[PDB]
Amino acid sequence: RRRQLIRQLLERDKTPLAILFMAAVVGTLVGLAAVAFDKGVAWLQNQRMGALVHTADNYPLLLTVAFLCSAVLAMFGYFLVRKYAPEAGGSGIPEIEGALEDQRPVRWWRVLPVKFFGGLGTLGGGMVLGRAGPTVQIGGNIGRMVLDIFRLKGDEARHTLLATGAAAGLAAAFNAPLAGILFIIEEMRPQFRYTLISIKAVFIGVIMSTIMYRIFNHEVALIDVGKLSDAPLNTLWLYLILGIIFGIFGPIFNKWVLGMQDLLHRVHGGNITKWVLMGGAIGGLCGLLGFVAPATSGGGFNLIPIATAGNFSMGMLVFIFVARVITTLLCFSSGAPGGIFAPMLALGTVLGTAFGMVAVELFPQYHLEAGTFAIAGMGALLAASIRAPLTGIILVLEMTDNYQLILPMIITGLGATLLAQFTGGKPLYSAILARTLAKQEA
């Protein structure tokens, strides 16, 4: 087949000018959509905060209006999903992943309204859920919509605009261009055969998406964490160890999120009303915990700067990790719209911090700043639960700009994904798509 290759090599990277242009517009819409969703999630979290001010004298009334405001929003968003788009529940990444396999529908007229307004319900109530799941589906569907609206035919155009839709949607969720591309190249692309996704296109969409984000968000960063110390070659081994703790814990957590999906189905059966009443109670729990114990509630980003700075007692860190392991599962496994990636950044920061504290006390000759181990553990659960180490490493790199930590970050990531593999664990997105495709047959 040497002659075919001479032919193909000479024809490489000639993406149709139409697919490039349409990737640009997908990028722009996904960016704008991201900002809009972002501004809304906050504005509701504000209204909720200001409510607790107009009634701040009477502490039971306090605990009540906290619970109920989030209960109401939770329900609305569960309902919005159960009623009009049940595949807009949970993450959204397995769905868009499935769609790239040509095995799941891009019901965009149904997901865009349901996912956007459903998330707003669950996110803005202070549930323990992320943006970057929803925005990855919301941006995947936007990518489909402009395929239909302009009726572009071709296999390339369908996988591409779905891919750059999803790419732009993660980039905008974390202000993380390089990390949005890599997610598609490492995790979302079909994993077992060739596919015809144009990478130059995906590049254009993320640029446009990111630039929309910078037009509505500049001067303020998602995680400011300073410049931390360096890492000495004789320190590296401490990170491979930290990795091996994530590699074992990642699959334990995957089990948990699956079984807790199974356990929480037995509570409502499928019954849209026991479901919507169940999310209202979960959401309200968040909205209450959001007041009496905010580290235990919410999306988690807020406390990443604080754990990294080593400003939590060991005692408070251990609390938070358990508590948020609980509220994380309760909120994501229940089926609400919203995701687990960004709260897995929090759980890993909190975990690596606590190791950093141990590792500082045990080795004064190393001159450790427990903050480097927080940065090494931030992308770690992403390497162990969802097995995309290259994305998290570059995700974390982009969000914390501490490139001197690249070797400990890499070394903890291999540790996470080597031990996650070696103790019998599966990519958490892929094990969700499959258990969903297995029900889409039984």
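Position 1 is the first residue in the sequence shown; the rest follow in order.
Two stretches are in play, 239-247 and 270-278, and the higher mean C-alpha B-factor belongs to 270-278.
When the C-alpha B-factors of 352-360 and 261-269 are averaged, 261-269 comes out higher.
Based on the entry's C-alpha B-factors, the most elevated value among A163, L178, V81, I204 belongs to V81. Which of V396, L390, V53, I406 has the largest Cα B-factor in the deposited entry comes down to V53. Per the PDB record, residue ranking by Cα B-factor puts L419 in the middle third of the chain.
The deposited CA B-factor of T412 belongs to the lowest third of values across its chain.
When the modelled residues of the chain are ordered by C-alpha B-factor, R214 sits in the middle third. Among the modelled residues of its chain, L100 has a C-alpha B-factor that falls in the middle third according to the deposited record. Placement of the Cα temperature factor of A23 within the chain: middle third of the modelled residues, per the deposited record.
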